[PDB]
file data.cif (mmCIF, N, CA and C atoms and all ligand atoms)
data_structure
#
loop_
_atom_site.label_atom_id
_atom_site.label_comp_id
_atom_site.auth_asym_id
_atom_site.auth_seq_id
_atom_site.Cartn_x
_atom_site.Cartn_y
_atom_site.Cartn_z
N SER A 42 18.37 -6.52 -1.73
CA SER A 42 17.42 -5.48 -2.14
C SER A 42 16.44 -5.98 -3.20
N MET A 43 15.17 -5.63 -3.03
CA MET A 43 14.13 -6.10 -3.94
C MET A 43 13.11 -5.03 -4.20
N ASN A 44 12.45 -5.17 -5.34
CA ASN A 44 11.33 -4.30 -5.69
C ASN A 44 10.08 -4.86 -5.05
N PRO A 45 9.08 -3.99 -4.81
CA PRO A 45 7.76 -4.46 -4.40
C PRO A 45 7.08 -5.08 -5.61
N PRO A 46 6.04 -5.86 -5.37
CA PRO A 46 5.17 -6.22 -6.48
C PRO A 46 4.65 -4.95 -7.12
N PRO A 47 4.44 -4.98 -8.43
CA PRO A 47 3.88 -3.80 -9.08
C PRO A 47 2.42 -3.55 -8.67
N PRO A 48 1.90 -2.35 -8.94
CA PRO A 48 0.49 -2.14 -8.63
C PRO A 48 -0.39 -3.06 -9.42
N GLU A 49 -1.50 -3.50 -8.85
CA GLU A 49 -2.34 -4.41 -9.61
C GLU A 49 -2.90 -3.72 -10.84
N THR A 50 -3.10 -4.50 -11.89
CA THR A 50 -3.67 -3.98 -13.13
C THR A 50 -4.97 -4.63 -13.51
N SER A 51 -5.40 -5.61 -12.72
CA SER A 51 -6.70 -6.24 -12.88
C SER A 51 -7.10 -6.76 -11.52
N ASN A 52 -8.39 -6.97 -11.33
CA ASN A 52 -8.93 -7.51 -10.10
C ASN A 52 -10.32 -8.04 -10.40
N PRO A 53 -10.51 -9.36 -10.36
CA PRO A 53 -11.82 -9.90 -10.71
C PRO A 53 -12.95 -9.47 -9.77
N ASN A 54 -12.63 -8.90 -8.61
CA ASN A 54 -13.68 -8.47 -7.69
C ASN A 54 -14.04 -7.01 -7.78
N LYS A 55 -13.27 -6.25 -8.56
CA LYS A 55 -13.50 -4.81 -8.71
C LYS A 55 -14.41 -4.53 -9.90
N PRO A 56 -15.58 -3.89 -9.66
CA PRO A 56 -16.50 -3.57 -10.75
C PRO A 56 -15.84 -2.73 -11.80
N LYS A 57 -16.22 -2.94 -13.05
CA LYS A 57 -15.65 -2.19 -14.14
C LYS A 57 -16.73 -1.77 -15.10
N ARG A 58 -16.47 -0.73 -15.88
CA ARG A 58 -17.38 -0.35 -16.94
C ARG A 58 -16.57 0.43 -17.97
N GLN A 59 -17.18 0.71 -19.11
CA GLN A 59 -16.60 1.62 -20.07
C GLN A 59 -17.34 2.94 -19.99
N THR A 60 -16.61 4.02 -20.22
CA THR A 60 -17.23 5.33 -20.35
C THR A 60 -16.50 6.04 -21.48
N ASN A 61 -17.16 7.01 -22.10
CA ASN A 61 -16.50 7.75 -23.15
C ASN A 61 -15.30 8.50 -22.55
N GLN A 62 -15.38 8.89 -21.28
CA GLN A 62 -14.25 9.56 -20.63
C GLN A 62 -13.05 8.63 -20.48
N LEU A 63 -13.29 7.40 -20.06
CA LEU A 63 -12.22 6.41 -19.94
C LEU A 63 -11.65 6.06 -21.30
N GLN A 64 -12.51 5.98 -22.32
CA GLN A 64 -12.04 5.77 -23.68
C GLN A 64 -11.10 6.87 -24.15
N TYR A 65 -11.47 8.10 -23.84
CA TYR A 65 -10.66 9.27 -24.19
C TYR A 65 -9.32 9.24 -23.44
N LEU A 66 -9.36 8.84 -22.18
CA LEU A 66 -8.14 8.72 -21.42
C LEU A 66 -7.17 7.74 -22.06
N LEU A 67 -7.68 6.66 -22.65
CA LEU A 67 -6.79 5.70 -23.30
C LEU A 67 -6.36 6.18 -24.69
N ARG A 68 -7.35 6.55 -25.51
CA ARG A 68 -7.12 6.84 -26.93
C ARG A 68 -6.42 8.16 -27.19
N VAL A 69 -6.62 9.13 -26.31
CA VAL A 69 -6.05 10.47 -26.50
C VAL A 69 -5.01 10.82 -25.41
N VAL A 70 -5.37 10.71 -24.13
CA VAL A 70 -4.49 11.19 -23.07
C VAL A 70 -3.27 10.28 -22.90
N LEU A 71 -3.51 9.00 -22.63
CA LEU A 71 -2.41 8.06 -22.44
C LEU A 71 -1.60 8.02 -23.72
N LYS A 72 -2.28 7.91 -24.85
CA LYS A 72 -1.56 7.75 -26.12
C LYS A 72 -0.60 8.90 -26.38
N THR A 73 -1.07 10.14 -26.18
CA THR A 73 -0.25 11.33 -26.36
C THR A 73 0.98 11.28 -25.46
N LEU A 74 0.79 10.97 -24.19
CA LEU A 74 1.91 10.97 -23.26
C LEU A 74 2.84 9.80 -23.54
N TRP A 75 2.26 8.65 -23.85
CA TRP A 75 3.04 7.43 -24.06
C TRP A 75 4.06 7.56 -25.18
N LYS A 76 3.69 8.25 -26.25
CA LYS A 76 4.55 8.38 -27.44
C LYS A 76 5.50 9.59 -27.39
N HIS A 77 5.37 10.38 -26.33
CA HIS A 77 6.19 11.58 -26.15
C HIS A 77 7.64 11.18 -25.90
N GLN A 78 8.58 12.00 -26.36
CA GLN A 78 10.00 11.66 -26.23
C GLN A 78 10.48 11.53 -24.77
N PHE A 79 9.73 12.09 -23.81
CA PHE A 79 10.11 12.06 -22.40
C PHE A 79 9.35 10.96 -21.66
N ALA A 80 8.62 10.10 -22.38
CA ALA A 80 7.77 9.12 -21.71
C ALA A 80 8.55 7.98 -21.07
N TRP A 81 9.72 7.64 -21.64
CA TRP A 81 10.34 6.35 -21.32
C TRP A 81 10.61 6.07 -19.83
N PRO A 82 11.00 7.09 -19.02
CA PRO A 82 11.27 6.72 -17.61
C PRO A 82 10.02 6.34 -16.85
N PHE A 83 8.89 6.69 -17.43
CA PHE A 83 7.57 6.54 -16.82
C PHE A 83 6.72 5.43 -17.42
N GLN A 84 7.28 4.66 -18.34
CA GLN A 84 6.52 3.62 -19.06
C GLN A 84 6.45 2.27 -18.34
N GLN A 85 7.11 2.19 -17.20
CA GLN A 85 7.11 0.98 -16.38
C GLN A 85 7.42 1.33 -14.94
N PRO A 86 7.09 0.43 -14.00
CA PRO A 86 7.45 0.71 -12.61
C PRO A 86 8.94 1.00 -12.45
N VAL A 87 9.26 1.86 -11.50
CA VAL A 87 10.65 2.12 -11.16
C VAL A 87 11.29 0.84 -10.67
N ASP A 88 12.37 0.44 -11.34
CA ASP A 88 13.16 -0.71 -10.91
C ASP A 88 14.31 -0.20 -10.05
N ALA A 89 14.08 -0.20 -8.74
CA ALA A 89 15.02 0.38 -7.80
C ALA A 89 16.28 -0.47 -7.69
N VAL A 90 16.14 -1.76 -7.96
CA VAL A 90 17.27 -2.70 -7.88
C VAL A 90 18.23 -2.37 -9.01
N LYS A 91 17.70 -2.33 -10.23
CA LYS A 91 18.49 -2.02 -11.41
C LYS A 91 19.08 -0.62 -11.33
N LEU A 92 18.28 0.38 -10.98
CA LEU A 92 18.76 1.76 -10.94
C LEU A 92 19.67 2.07 -9.73
N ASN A 93 19.90 1.08 -8.88
CA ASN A 93 20.64 1.25 -7.63
C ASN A 93 20.11 2.41 -6.78
N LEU A 94 18.80 2.42 -6.59
CA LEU A 94 18.13 3.40 -5.75
C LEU A 94 17.52 2.65 -4.58
N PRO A 95 18.36 2.20 -3.65
CA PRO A 95 17.85 1.36 -2.58
C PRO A 95 16.91 2.11 -1.65
N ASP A 96 16.87 3.43 -1.75
CA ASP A 96 15.98 4.22 -0.90
C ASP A 96 14.65 4.54 -1.60
N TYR A 97 14.50 4.16 -2.87
CA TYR A 97 13.31 4.61 -3.62
C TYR A 97 12.02 4.16 -2.95
N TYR A 98 11.91 2.86 -2.67
CA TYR A 98 10.69 2.32 -2.08
C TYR A 98 10.67 2.46 -0.55
N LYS A 99 11.68 3.11 0.01
CA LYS A 99 11.63 3.58 1.38
C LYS A 99 10.95 4.94 1.44
N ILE A 100 11.09 5.73 0.38
CA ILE A 100 10.53 7.08 0.32
C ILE A 100 9.17 7.11 -0.37
N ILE A 101 9.03 6.29 -1.40
CA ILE A 101 7.81 6.23 -2.20
C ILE A 101 7.02 4.95 -1.86
N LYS A 102 5.93 5.12 -1.12
CA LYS A 102 5.12 3.97 -0.70
C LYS A 102 3.84 3.83 -1.55
N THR A 103 3.61 4.75 -2.49
CA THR A 103 2.48 4.63 -3.43
C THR A 103 3.00 4.79 -4.87
N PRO A 104 3.76 3.81 -5.34
CA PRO A 104 4.32 3.93 -6.71
C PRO A 104 3.25 3.87 -7.77
N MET A 105 3.53 4.52 -8.90
CA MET A 105 2.64 4.50 -10.03
C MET A 105 3.42 4.88 -11.26
N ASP A 106 2.98 4.37 -12.40
CA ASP A 106 3.68 4.57 -13.65
C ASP A 106 2.70 4.42 -14.81
N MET A 107 3.06 4.92 -15.99
CA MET A 107 2.15 4.83 -17.16
C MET A 107 1.96 3.44 -17.73
N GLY A 108 2.92 2.53 -17.52
CA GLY A 108 2.71 1.16 -17.92
C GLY A 108 1.55 0.54 -17.18
N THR A 109 1.53 0.76 -15.88
CA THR A 109 0.44 0.33 -15.04
C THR A 109 -0.88 1.00 -15.46
N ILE A 110 -0.85 2.32 -15.69
CA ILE A 110 -2.06 3.02 -16.09
C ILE A 110 -2.59 2.49 -17.42
N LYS A 111 -1.68 2.26 -18.37
CA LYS A 111 -2.06 1.73 -19.67
C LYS A 111 -2.78 0.38 -19.51
N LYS A 112 -2.21 -0.51 -18.71
CA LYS A 112 -2.81 -1.84 -18.52
C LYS A 112 -4.13 -1.71 -17.80
N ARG A 113 -4.22 -0.81 -16.80
CA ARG A 113 -5.46 -0.58 -16.10
C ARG A 113 -6.55 -0.15 -17.08
N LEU A 114 -6.21 0.78 -17.98
CA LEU A 114 -7.19 1.22 -18.99
C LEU A 114 -7.60 0.06 -19.91
N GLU A 115 -6.61 -0.64 -20.45
CA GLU A 115 -6.86 -1.77 -21.35
C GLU A 115 -7.66 -2.88 -20.68
N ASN A 116 -7.44 -3.07 -19.39
CA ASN A 116 -8.14 -4.12 -18.65
C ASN A 116 -9.49 -3.66 -18.10
N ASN A 117 -9.87 -2.41 -18.40
CA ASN A 117 -11.08 -1.80 -17.81
C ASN A 117 -11.08 -1.90 -16.29
N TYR A 118 -9.94 -1.66 -15.68
CA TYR A 118 -9.81 -1.72 -14.24
C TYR A 118 -10.57 -0.59 -13.54
N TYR A 119 -10.68 0.55 -14.21
CA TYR A 119 -11.27 1.72 -13.60
C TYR A 119 -12.78 1.76 -13.78
N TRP A 120 -13.45 2.28 -12.76
CA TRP A 120 -14.86 2.57 -12.90
C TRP A 120 -15.06 3.99 -13.43
N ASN A 121 -14.19 4.93 -13.06
CA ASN A 121 -14.34 6.30 -13.51
C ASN A 121 -13.03 6.99 -13.85
N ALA A 122 -13.15 8.15 -14.48
CA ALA A 122 -11.99 8.87 -14.98
C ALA A 122 -11.13 9.40 -13.84
N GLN A 123 -11.76 9.78 -12.73
CA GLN A 123 -11.02 10.34 -11.60
C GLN A 123 -10.03 9.35 -11.01
N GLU A 124 -10.35 8.06 -11.00
CA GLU A 124 -9.40 7.06 -10.55
C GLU A 124 -8.14 7.08 -11.40
N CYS A 125 -8.33 7.22 -12.69
CA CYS A 125 -7.20 7.25 -13.61
C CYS A 125 -6.41 8.54 -13.47
N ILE A 126 -7.12 9.65 -13.41
CA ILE A 126 -6.49 10.94 -13.19
C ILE A 126 -5.63 10.92 -11.92
N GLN A 127 -6.17 10.35 -10.84
CA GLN A 127 -5.43 10.23 -9.59
C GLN A 127 -4.14 9.48 -9.82
N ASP A 128 -4.20 8.38 -10.57
CA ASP A 128 -2.97 7.61 -10.83
C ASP A 128 -1.91 8.47 -11.55
N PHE A 129 -2.31 9.24 -12.56
CA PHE A 129 -1.33 10.10 -13.22
C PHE A 129 -0.75 11.09 -12.18
N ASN A 130 -1.61 11.70 -11.38
CA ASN A 130 -1.13 12.62 -10.37
C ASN A 130 -0.16 11.99 -9.36
N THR A 131 -0.44 10.76 -8.94
CA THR A 131 0.44 10.04 -8.03
C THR A 131 1.81 9.87 -8.70
N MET A 132 1.81 9.44 -9.95
CA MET A 132 3.04 9.29 -10.72
C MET A 132 3.88 10.55 -10.76
N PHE A 133 3.25 11.67 -11.08
CA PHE A 133 4.01 12.92 -11.13
C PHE A 133 4.50 13.32 -9.74
N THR A 134 3.61 13.23 -8.74
CA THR A 134 3.96 13.63 -7.38
C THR A 134 5.13 12.82 -6.84
N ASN A 135 5.15 11.52 -7.09
CA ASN A 135 6.27 10.69 -6.64
C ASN A 135 7.59 11.22 -7.18
N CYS A 136 7.60 11.61 -8.45
CA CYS A 136 8.82 12.14 -9.05
C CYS A 136 9.25 13.43 -8.35
N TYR A 137 8.29 14.31 -8.09
CA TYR A 137 8.58 15.61 -7.49
C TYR A 137 9.03 15.48 -6.03
N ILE A 138 8.59 14.40 -5.36
CA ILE A 138 8.99 14.16 -3.97
C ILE A 138 10.38 13.51 -3.89
N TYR A 139 10.66 12.55 -4.76
CA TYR A 139 11.88 11.78 -4.65
C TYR A 139 13.08 12.51 -5.21
N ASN A 140 12.89 13.18 -6.35
CA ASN A 140 13.99 13.85 -7.03
C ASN A 140 14.20 15.33 -6.64
N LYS A 141 15.41 15.83 -6.85
CA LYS A 141 15.68 17.23 -6.54
C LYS A 141 15.04 18.13 -7.61
N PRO A 142 14.44 19.25 -7.19
CA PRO A 142 13.82 20.13 -8.19
C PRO A 142 14.87 20.55 -9.19
N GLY A 143 14.52 20.64 -10.46
CA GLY A 143 15.49 21.05 -11.45
C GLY A 143 16.27 19.90 -12.08
N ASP A 144 16.20 18.70 -11.51
CA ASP A 144 16.85 17.54 -12.12
C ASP A 144 16.15 17.29 -13.44
N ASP A 145 16.85 16.69 -14.38
CA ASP A 145 16.25 16.47 -15.68
C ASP A 145 14.96 15.64 -15.61
N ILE A 146 14.92 14.63 -14.75
CA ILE A 146 13.74 13.77 -14.69
C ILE A 146 12.52 14.58 -14.23
N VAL A 147 12.76 15.57 -13.39
CA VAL A 147 11.67 16.44 -12.92
C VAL A 147 11.17 17.32 -14.06
N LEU A 148 12.08 17.88 -14.84
CA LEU A 148 11.68 18.62 -16.04
C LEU A 148 10.91 17.77 -17.03
N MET A 149 11.30 16.50 -17.18
CA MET A 149 10.57 15.60 -18.06
C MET A 149 9.16 15.38 -17.53
N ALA A 150 9.03 15.10 -16.23
CA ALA A 150 7.72 14.93 -15.63
C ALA A 150 6.87 16.19 -15.77
N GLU A 151 7.46 17.36 -15.56
CA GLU A 151 6.70 18.60 -15.65
C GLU A 151 6.17 18.81 -17.06
N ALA A 152 6.97 18.45 -18.07
CA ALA A 152 6.55 18.60 -19.46
C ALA A 152 5.38 17.66 -19.75
N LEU A 153 5.49 16.42 -19.27
CA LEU A 153 4.39 15.48 -19.43
C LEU A 153 3.15 15.94 -18.67
N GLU A 154 3.33 16.46 -17.47
CA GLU A 154 2.18 16.90 -16.67
C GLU A 154 1.47 18.09 -17.35
N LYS A 155 2.24 19.01 -17.89
CA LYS A 155 1.67 20.15 -18.59
C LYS A 155 0.78 19.68 -19.71
N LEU A 156 1.29 18.71 -20.47
CA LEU A 156 0.55 18.14 -21.59
C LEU A 156 -0.69 17.39 -21.08
N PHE A 157 -0.51 16.62 -20.02
CA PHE A 157 -1.61 15.90 -19.39
C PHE A 157 -2.73 16.84 -18.98
N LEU A 158 -2.38 17.93 -18.33
CA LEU A 158 -3.41 18.86 -17.86
C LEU A 158 -4.17 19.51 -19.01
N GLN A 159 -3.47 19.78 -20.11
CA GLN A 159 -4.10 20.32 -21.29
C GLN A 159 -5.15 19.36 -21.81
N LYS A 160 -4.81 18.08 -21.85
CA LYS A 160 -5.72 17.09 -22.42
C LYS A 160 -6.89 16.84 -21.48
N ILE A 161 -6.64 16.90 -20.17
CA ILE A 161 -7.71 16.72 -19.19
C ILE A 161 -8.71 17.89 -19.23
N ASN A 162 -8.25 19.09 -19.54
CA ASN A 162 -9.18 20.21 -19.69
C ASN A 162 -10.18 19.95 -20.81
N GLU A 163 -9.79 19.08 -21.74
CA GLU A 163 -10.59 18.73 -22.90
C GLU A 163 -11.35 17.41 -22.74
N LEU A 164 -11.43 16.89 -21.51
CA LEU A 164 -12.21 15.69 -21.23
C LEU A 164 -13.65 15.86 -21.74
N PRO A 165 -14.19 14.86 -22.48
CA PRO A 165 -15.58 14.98 -22.92
C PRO A 165 -16.58 14.82 -21.79
N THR A 166 -17.75 15.41 -21.98
CA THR A 166 -18.85 15.20 -21.07
C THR A 166 -19.26 13.73 -21.12
N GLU A 167 -19.66 13.18 -19.97
CA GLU A 167 -20.21 11.82 -19.90
C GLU A 167 -21.42 11.64 -20.82
N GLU A 168 -21.42 10.56 -21.61
CA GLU A 168 -22.57 10.22 -22.44
C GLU A 168 -23.61 9.56 -21.55
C1 LIG B 1 16.83 9.84 -11.09
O1 LIG B 1 16.31 8.64 -10.59
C2 LIG B 1 15.48 8.05 -11.57
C3 LIG B 1 16.03 7.43 -12.66
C4 LIG B 1 15.16 6.90 -13.60
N1 LIG B 1 15.84 6.30 -14.69
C5 LIG B 1 15.26 5.31 -15.57
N2 LIG B 1 13.94 5.10 -15.77
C6 LIG B 1 13.57 4.09 -16.63
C7 LIG B 1 14.53 3.36 -17.30
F1 LIG B 1 14.18 2.37 -18.16
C8 LIG B 1 15.90 3.61 -17.08
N3 LIG B 1 16.92 2.85 -17.76
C9 LIG B 1 18.17 2.60 -17.12
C10 LIG B 1 18.82 3.57 -16.34
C11 LIG B 1 20.06 3.28 -15.73
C12 LIG B 1 20.59 2.00 -15.92
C13 LIG B 1 19.91 1.06 -16.70
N4 LIG B 1 18.71 1.37 -17.28
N5 LIG B 1 20.46 -0.20 -16.88
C14 LIG B 1 19.86 -1.00 -17.90
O2 LIG B 1 18.87 -1.86 -17.44
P1 LIG B 1 18.58 -2.91 -18.58
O3 LIG B 1 19.67 -3.96 -18.56
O4 LIG B 1 18.61 -2.21 -19.92
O5 LIG B 1 17.23 -3.55 -18.33
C15 LIG B 1 21.49 -0.65 -16.24
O6 LIG B 1 21.89 -1.75 -16.46
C16 LIG B 1 22.21 0.17 -15.22
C17 LIG B 1 23.67 0.04 -15.42
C18 LIG B 1 21.99 -0.47 -13.81
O7 LIG B 1 21.93 1.61 -15.24
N6 LIG B 1 16.21 4.58 -16.22
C19 LIG B 1 13.75 6.95 -13.49
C20 LIG B 1 13.20 7.60 -12.38
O8 LIG B 1 11.78 7.77 -12.10
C21 LIG B 1 10.76 7.25 -12.97
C22 LIG B 1 14.08 8.13 -11.45
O9 LIG B 1 13.58 8.75 -10.30
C23 LIG B 1 13.26 7.78 -9.32
#
call {"tool": "encode", "arguments": {"input": "data.cif", "output": "structure tokens"}}
result
Amino acid sequence: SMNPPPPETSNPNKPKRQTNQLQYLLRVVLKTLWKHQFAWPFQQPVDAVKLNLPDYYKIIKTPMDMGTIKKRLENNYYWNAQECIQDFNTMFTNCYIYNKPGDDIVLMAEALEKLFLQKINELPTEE
């Protein structure tokens, strides 16, 4: 049993730029979620080998995690905020698909998502 390669966090062929929205996503949104007490299961790719979840990457074919998102932001991998927002949504959705509703990990994800949505409502206008 093996893990897939993690999602890419840089690509020399993918155009990049900075925007105040992407800055906010790193400095406020990611930062808030990253330091939250429920962040830890989401701070790196799911290690299915270690967790003995041999079915994880059979069920989840679009993995995503905040470690990857953090590196993507730091590496200026994204062109726009919606790409980053999509990654957070993929991360939450994977949890809700793989785990049973009501499991603690689902409650942790829901708490993080609630907080995420609050911060996204406060996204600044593009400069
Ligand atoms: C409920 O299923 C999920 C569980 C998690 N849990 C989850 N997410 C992230 C973790 F870091 C983590 N730590 C963890 C959890 C269980 C563990 C171990 N570590 N280690 C320690 O590894 P290290 O030696 O310290 O490196 C082990 O050695 C064994 C004994 C194999 O059991 N668990 C995380 C999930 O999604 C993000 C899950 O949904 C897929």
call {"tool": "residues_around", "arguments": {"input": "data.cif", "residues": "residue A:91", "least_positions_apart": "5", "cutoff": "10 Å", "atoms": "only C-alpha atoms", "output": "ChimeraX atom specification"}}
result
/A:42-44
call {"tool": "atom_distance", "arguments": {"input": "data.cif", "atom1": "atom CA of residue A:84", "atom2": "atom CA of residue A:71"}}
result
10.5 Å
call {"tool": "select_by_dssp", "arguments": {"input": "data.cif", "residues": "chain A", "states": "helix (DSSP H, G or I)", "output": "VMD selection string"}}
result
chain A and resid 61 to 75 81 to 83 97 to 100 107 to 115 122 to 139 145 to 162
call {"tool": "residues_near_ligand", "arguments": {"input": "data.cif", "ligand": "ligand LIG 1 (chain B)", "cutoff": "6.5 Å", "atoms": "all atoms listed in the file", "output": "ChimeraX atom specification"}}
result
/A:81-83,87,90-93,136,139-140,146
call {"tool": "atom_distance", "arguments": {"input": "data.cif", "atom1": "atom CA of residue A:63", "atom2": "atom CA of residue A:121"}}
result
6.8 Å
call {"tool": "closest_residue", "arguments": {"input": "data.cif", "among": "A:76, A:112, A:145, A:120", "to": "residue A:57", "atoms": "all atoms listed in the file"}}
result
A:120
call {"tool": "atom_distance", "arguments": {"input": "data.cif", "atom1": "atom C of residue A:125", "atom2": "atom N of residue A:62"}}
result
11.9 Å
call {"tool": "closest_residue", "arguments": {"input": "data.cif", "among": "A:168, A:128, A:163, A:144", "to": "residue A:106", "atoms": "only C-alpha atoms"}}
result
A:128
call {"tool": "axis_aligned_box", "arguments": {"input": "data.cif", "around": "stretch 115-119 of chain A", "padding_each_side": "5 Å", "output": "lines of an AutoDock Vina configuration file"}}
result
center_x = -9.7
center_y = -1.2
center_z = -17.4
size_x = 16.2
size_y = 15.9
size_z = 17.8
call {"tool": "closest_residue", "arguments": {"input": "data.cif", "among": "A:47, A:141, A:61, A:54", "to": "residue A:104", "atoms": "all atoms listed in the file"}}
result
A:47
call {"tool": "closest_residue", "arguments": {"input": "data.cif", "among": "A:118, A:97, A:133, A:79", "to": "residue A:49", "atoms": "only N, CA and C atoms"}}
result
A:118
call {"tool": "build_atoms", "arguments": {"input": "data.cif", "residues": "stretch 63-82 of chain A", "atoms": "N, CA, C and O atoms", "output": "PDB file, in the frame of the given file"}}
result
ATOM      1  N   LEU A  63     -13.290   7.400 -20.060  1.00  0.00           N
ATOM      2  CA  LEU A  63     -12.220   6.410 -19.940  1.00  0.00           C
ATOM      3  C   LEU A  63     -11.650   6.060 -21.300  1.00  0.00           C
ATOM      4  O   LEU A  63     -10.438   5.882 -21.437  1.00  0.00           O
ATOM      5  N   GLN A  64     -12.510   5.980 -22.320  1.00  0.00           N
ATOM      6  CA  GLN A  64     -12.040   5.770 -23.680  1.00  0.00           C
ATOM      7  C   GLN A  64     -11.100   6.870 -24.150  1.00  0.00           C
ATOM      8  O   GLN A  64     -10.054   6.595 -24.752  1.00  0.00           O
ATOM      9  N   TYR A  65     -11.470   8.100 -23.840  1.00  0.00           N
ATOM     10  CA  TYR A  65     -10.660   9.270 -24.190  1.00  0.00           C
ATOM     11  C   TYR A  65      -9.320   9.240 -23.440  1.00  0.00           C
ATOM     12  O   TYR A  65      -8.263   9.578 -23.992  1.00  0.00           O
ATOM     13  N   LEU A  66      -9.360   8.840 -22.180  1.00  0.00           N
ATOM     14  CA  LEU A  66      -8.140   8.720 -21.420  1.00  0.00           C
ATOM     15  C   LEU A  66      -7.170   7.740 -22.060  1.00  0.00           C
ATOM     16  O   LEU A  66      -5.963   7.976 -22.023  1.00  0.00           O
ATOM     17  N   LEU A  67      -7.680   6.660 -22.650  1.00  0.00           N
ATOM     18  CA  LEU A  67      -6.790   5.700 -23.300  1.00  0.00           C
ATOM     19  C   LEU A  67      -6.360   6.180 -24.690  1.00  0.00           C
ATOM     20  O   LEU A  67      -5.161   6.192 -25.017  1.00  0.00           O
ATOM     21  N   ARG A  68      -7.350   6.550 -25.510  1.00  0.00           N
ATOM     22  CA  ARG A  68      -7.120   6.840 -26.930  1.00  0.00           C
ATOM     23  C   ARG A  68      -6.420   8.160 -27.190  1.00  0.00           C
ATOM     24  O   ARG A  68      -5.740   8.312 -28.216  1.00  0.00           O
ATOM     25  N   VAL A  69      -6.620   9.130 -26.310  1.00  0.00           N
ATOM     26  CA  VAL A  69      -6.050  10.470 -26.500  1.00  0.00           C
ATOM     27  C   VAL A  69      -5.010  10.820 -25.410  1.00  0.00           C
ATOM     28  O   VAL A  69      -3.866  11.140 -25.739  1.00  0.00           O
ATOM     29  N   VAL A  70      -5.370  10.710 -24.130  1.00  0.00           N
ATOM     30  CA  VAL A  70      -4.490  11.190 -23.070  1.00  0.00           C
ATOM     31  C   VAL A  70      -3.270  10.280 -22.900  1.00  0.00           C
ATOM     32  O   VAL A  70      -2.130  10.721 -23.055  1.00  0.00           O
ATOM     33  N   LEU A  71      -3.510   9.000 -22.630  1.00  0.00           N
ATOM     34  CA  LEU A  71      -2.410   8.060 -22.440  1.00  0.00           C
ATOM     35  C   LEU A  71      -1.600   8.020 -23.720  1.00  0.00           C
ATOM     36  O   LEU A  71      -0.363   8.070 -23.686  1.00  0.00           O
ATOM     37  N   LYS A  72      -2.280   7.910 -24.850  1.00  0.00           N
ATOM     38  CA  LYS A  72      -1.560   7.750 -26.120  1.00  0.00           C
ATOM     39  C   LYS A  72      -0.600   8.900 -26.380  1.00  0.00           C
ATOM     40  O   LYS A  72       0.545   8.682 -26.792  1.00  0.00           O
ATOM     41  N   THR A  73      -1.070  10.140 -26.180  1.00  0.00           N
ATOM     42  CA  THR A  73      -0.250  11.330 -26.360  1.00  0.00           C
ATOM     43  C   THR A  73       0.980  11.280 -25.460  1.00  0.00           C
ATOM     44  O   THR A  73       2.114  11.544 -25.900  1.00  0.00           O
ATOM     45  N   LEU A  74       0.790  10.970 -24.190  1.00  0.00           N
ATOM     46  CA  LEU A  74       1.910  10.970 -23.260  1.00  0.00           C
ATOM     47  C   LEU A  74       2.840   9.800 -23.540  1.00  0.00           C
ATOM     48  O   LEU A  74       4.062   9.934 -23.464  1.00  0.00           O
ATOM     49  N   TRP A  75       2.260   8.650 -23.850  1.00  0.00           N
ATOM     50  CA  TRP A  75       3.040   7.430 -24.060  1.00  0.00           C
ATOM     51  C   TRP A  75       4.060   7.560 -25.180  1.00  0.00           C
ATOM     52  O   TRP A  75       5.161   7.014 -25.079  1.00  0.00           O
ATOM     53  N   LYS A  76       3.690   8.250 -26.250  1.00  0.00           N
ATOM     54  CA  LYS A  76       4.550   8.380 -27.440  1.00  0.00           C
ATOM     55  C   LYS A  76       5.500   9.590 -27.390  1.00  0.00           C
ATOM     56  O   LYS A  76       6.356   9.783 -28.269  1.00  0.00           O
ATOM     57  N   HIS A  77       5.370  10.380 -26.330  1.00  0.00           N
ATOM     58  CA  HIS A  77       6.190  11.580 -26.150  1.00  0.00           C
ATOM     59  C   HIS A  77       7.640  11.180 -25.900  1.00  0.00           C
ATOM     60  O   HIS A  77       7.910  10.128 -25.336  1.00  0.00           O
ATOM     61  N   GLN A  78       8.580  12.000 -26.360  1.00  0.00           N
ATOM     62  CA  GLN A  78      10.000  11.660 -26.230  1.00  0.00           C
ATOM     63  C   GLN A  78      10.480  11.530 -24.770  1.00  0.00           C
ATOM     64  O   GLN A  78      11.521  10.926 -24.512  1.00  0.00           O
ATOM     65  N   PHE A  79       9.730  12.090 -23.810  1.00  0.00           N
ATOM     66  CA  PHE A  79      10.110  12.060 -22.400  1.00  0.00           C
ATOM     67  C   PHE A  79       9.350  10.960 -21.660  1.00  0.00           C
ATOM     68  O   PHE A  79       9.427  10.873 -20.436  1.00  0.00           O
ATOM     69  N   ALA A  80       8.620  10.100 -22.380  1.00  0.00           N
ATOM     70  CA  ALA A  80       7.770   9.120 -21.710  1.00  0.00           C
ATOM     71  C   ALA A  80       8.550   7.980 -21.070  1.00  0.00           C
ATOM     72  O   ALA A  80       8.117   7.411 -20.074  1.00  0.00           O
ATOM     73  N   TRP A  81       9.720   7.640 -21.640  1.00  0.00           N
ATOM     74  CA  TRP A  81      10.340   6.350 -21.320  1.00  0.00           C
ATOM     75  C   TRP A  81      10.610   6.070 -19.830  1.00  0.00           C
ATOM     76  O   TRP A  81      10.462   4.928 -19.404  1.00  0.00           O
ATOM     77  N   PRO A  82      11.000   7.090 -19.020  1.00  0.00           N
ATOM     78  CA  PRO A  82      11.270   6.720 -17.610  1.00  0.00           C
ATOM     79  C   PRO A  82      10.020   6.340 -16.850  1.00  0.00           C
ATOM     80  O   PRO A  82      10.090   5.718 -15.775  1.00  0.00           O
TER      81      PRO A  82
END
